[PDB]
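**Student:** structure for the following, please:
(6 chains)
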Amino acid sequence: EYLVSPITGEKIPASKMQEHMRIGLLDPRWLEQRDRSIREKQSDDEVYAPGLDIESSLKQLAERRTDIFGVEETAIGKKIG
Amino acid sequence: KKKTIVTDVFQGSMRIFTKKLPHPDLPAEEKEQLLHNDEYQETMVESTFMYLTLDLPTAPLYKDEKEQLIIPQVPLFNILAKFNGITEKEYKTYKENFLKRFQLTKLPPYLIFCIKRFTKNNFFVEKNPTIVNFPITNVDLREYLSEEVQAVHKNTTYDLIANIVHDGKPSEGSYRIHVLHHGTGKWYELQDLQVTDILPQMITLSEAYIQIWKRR
Amino acid sequence: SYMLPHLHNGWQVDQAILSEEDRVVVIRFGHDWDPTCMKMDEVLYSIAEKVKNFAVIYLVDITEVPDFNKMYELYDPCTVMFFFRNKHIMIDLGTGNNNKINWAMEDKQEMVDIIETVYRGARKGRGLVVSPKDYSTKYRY
Amino acid sequence: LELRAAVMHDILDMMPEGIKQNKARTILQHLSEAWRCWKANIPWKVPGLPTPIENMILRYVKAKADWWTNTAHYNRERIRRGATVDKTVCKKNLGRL
Amino acid sequence: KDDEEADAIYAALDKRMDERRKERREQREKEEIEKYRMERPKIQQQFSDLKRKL
RNA sequence: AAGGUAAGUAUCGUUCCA
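**Tutor:** Numbering: from 1, shown residues only, chains lettered A, B, ... in the order given. Let me share the structure:
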């Protein structure tokens, strides 16, 4: 089954004319915002540490604050006692 | 007098198997060797109880997604499932945790169920307002005893006699009592002088705190 | 605290000051286990994303990097230093010390206030900026 | 800070050391979301979350909520009794109340 | 290496001077925190079992 | 004892130090 495209005047398959009208009128300036923010996030640099860095910092913090971590309590800044 | 008029009524023998040092600070290999040491294993800790304690699930702390602020109703058998070898509770204390599993080896003529509603948090004491769905004239406890002891008792069924219900905060409370008049079945509610023959459903609806049974 | 990027040796912090030209480098010198340093290392967490455009935050443990203690007076438990284009931006507070914020604060808006004021005064080309709030007291009453 | 740090430390500690450790920020965001949901009194039920992670997060939320309630009431007592408190302290305490 | 020896001598002298009640004060604080660790436990072992269950 | 440093650009002197 063939229909006629309202915008281009060319024979088109009847099965596609729905998404043909959805996509043949794709707004041209939409392409930049699709291709602009993604580039911004691609070039964007992270703010927080990588997860392994959080893990290591957590280990180092646990090394000192024995009032919370560990089983052998010691001073706030002392490694072990 | 190891056995007096009140001891042979509420006291029952109880078995406890306790393991210690399951602490996560120990690595896997060290804990494997520790349990291999044969020093830290289940132990013979049989003693006596004047009353069985009941530990409830914590309050939901969140609204249910469909019906907000849903009332937490838990069957009694879930609570009583603590007293068997299947389940074991971690009564952690001080540095090392203590994993204890409970067991019953002598059912007293009357079984007392105290309920741990009031508990202290890290900062302030609160209450656990978890309602319990519990029968009053038919319950079976035979699964909680070893068979080498189950043969002794031909009566493991208990009927409720008295019930304790508490009101409000710990610092502002008003106890109420559900008493069963034996011979009849009239359950009466007494707070200070109150007298009211309630139905056997208001006993289930309210949150119990101390329950009295009878093995018959 | 632990979420923000950390610097381990003396070269890294100097590079972090040098590896930027269009923002402000806000360095929290101190010990992340300190009760004081942990009070404001969560304020610096809550605003790290917000000030991404004109501020980058690095954390430094003075014990791990014992190279700037003598020169920048790292003896208060917690210190905050602002750098712009490899230039320490002095900031005039209500306190006598005008080179650092040696106390941990509580409000997530005031720190963005101070950082944006520093950026605004650094684009002009100043060396000492003036904070909006006065810290000669605590406004407690 | 100490309670949240301990919770994250335990969760990341028993979390496998693979490449999956990239999910630390995910765990922190889950903790923050659960705390917000309790603060907002809104149902919080992550579908795909494991039951041990969910149990630990519930315990974290309960502990921080107990401390939150106690601290809010203590600060209110300080303010009503006439003690010397800050403006931001008053704002945060009013929000909590 | 005389400067290091002098510094060590003075540090050892000061450390000797704190032995007037060091062994008693440290033992007292050790026993004192253990009474505090009963009512107010540590957070990590408050999450000990759940950490194990993870 | 404080909460009272304007930030800069210049030649000149000195001194330790590499």
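**Student:** I figured residue B:186 hits residue B:197, correct?
**Tutor:** Yes. The criterion here is CB atoms under 8 Å, and residue B:186 meets it with residue B:197 at 4.6 Å. The C-beta positions use only the backbone N, C-alpha and C, and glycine is treated the same way.
**Student:** up against chain A, what does chain E have?
**Tutor:** Counting by CB under 8 Å from any CB of the partner chain, chain E comes close to chain A at E:33, E:37, E:42-45.
**Student:** could I have the buried ones of these as PyMOL selection syntax?
**Tutor:** Filtering the residues of chain E next to chain A down to the buried ones (16 or more other CB atoms under 10 Å in any protein chain shown) takes a single PyMOL command:
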select buried, chain E and resi 42+43+44+45
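**Student:** can you lay out the residues of chain E next to chain A as CSV showing secondary structure?
**Tutor:** CSV is the format used below for the residues of chain E next to chain A (DSSP: H, G, I helix; E, B strand; the rest coil):
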residue, secondary structure
E:33, helix
E:37, helix
E:42, coil
E:43, helix
E:44, helix
E:45, helix
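**Student:** restrict the residues of chain E next to chain A to those near chain D?
**Tutor:** Applying CB under 8 Å from any CB to those, those adjacent to chain D are E:43-44.
**Student:** what is the nearest of the residues of chain E next to chain A to RNA strand F?
**Tutor:** residue E:33 (34.0 Å; CB to the nearest atom of the strand).
**Student:** for residue C:56, see how far away that closest one is.
**Tutor:** 41 Å (CB to CB, to the nearest Å).
**Student:** so which elements touch the biggest helix by length in chain C?
**Tutor:** Taking DSSP state H as the criterion, chain C has its longest helix at helix C:108-124. For helix C:108-124, the packing partners by 3 or more CB pairs under 8 Å, 6 or more residues apart in numbering or on different chains; DSSP states H and E come out as strand C:24-30, helix C:43-46, strand C:90-92, strand C:128-130.
**Student:** go with 6 Å
**Tutor:** helix C:43-46, strand C:128-130 (3 or more CB pairs under 6 Å, 6 or more residues apart in numbering or on different chains; DSSP states H and E).
**Student:** if I look at the closest residue to RNA strand F within chain D, how far off is residue C:139?
**Tutor:** Residue of chain D nearest RNA strand F, by CB to the nearest atom of the strand: residue D:84 (14.2 Å). From residue D:84 across to residue C:139, the span is 11 Å (CB to CB).
**Student:** could you do residue B:116 as well?
**Tutor:** Distance, residue B:116 to residue C:139, using CB to CB: 47 Å.
**Student:** give me the contacts around stretch A:16-29.
**Tutor:** Contacts with stretch A:16-29, where a contact means CB atoms under 6 Å, 6 or more residues apart in numbering or on different chains, come from A:3, A:7, A:12.
**Student:** can you map out the helices along chain E?
**Tutor:** E:2-17, E:22-39, E:43-46, E:48-53.
**Student:** point out the most buried one among the ones you listed.
**Tutor:** helix E:43-46 (a mean of 22; mean count of other CB atoms under 10 Å in any protein chain shown).
**Student:** identify the residues contacting that one?
**Tutor:** So helix E:43-46 is contacted by A:68-69, D:3, D:6 (CB under 6 Å, 6+ apart).
**Student:** roughly how far is it from the heart of the chain?
**Tutor:** Averaging C-alpha positions (CA atoms, centre = their mean, to the nearest Å) puts helix E:43-46 20 Å from its chain's average.
**Student:** pull the CA atoms of that helix into PDB?
**Tutor:** Provided in PDB are the C-alpha atoms of helix E:43-46 (Å, rounded to 0.1, in the frame of the first residue of the first chain):
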ATOM      1  CA  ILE E  43      28.400   2.700  65.900                       C
ATOM      2  CA  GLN E  44      30.500   0.100  64.000                       C
ATOM      3  CA  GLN E  45      29.600  -2.700  66.300                       C
ATOM      4  CA  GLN E  46      26.100  -1.400  66.500                       C
END
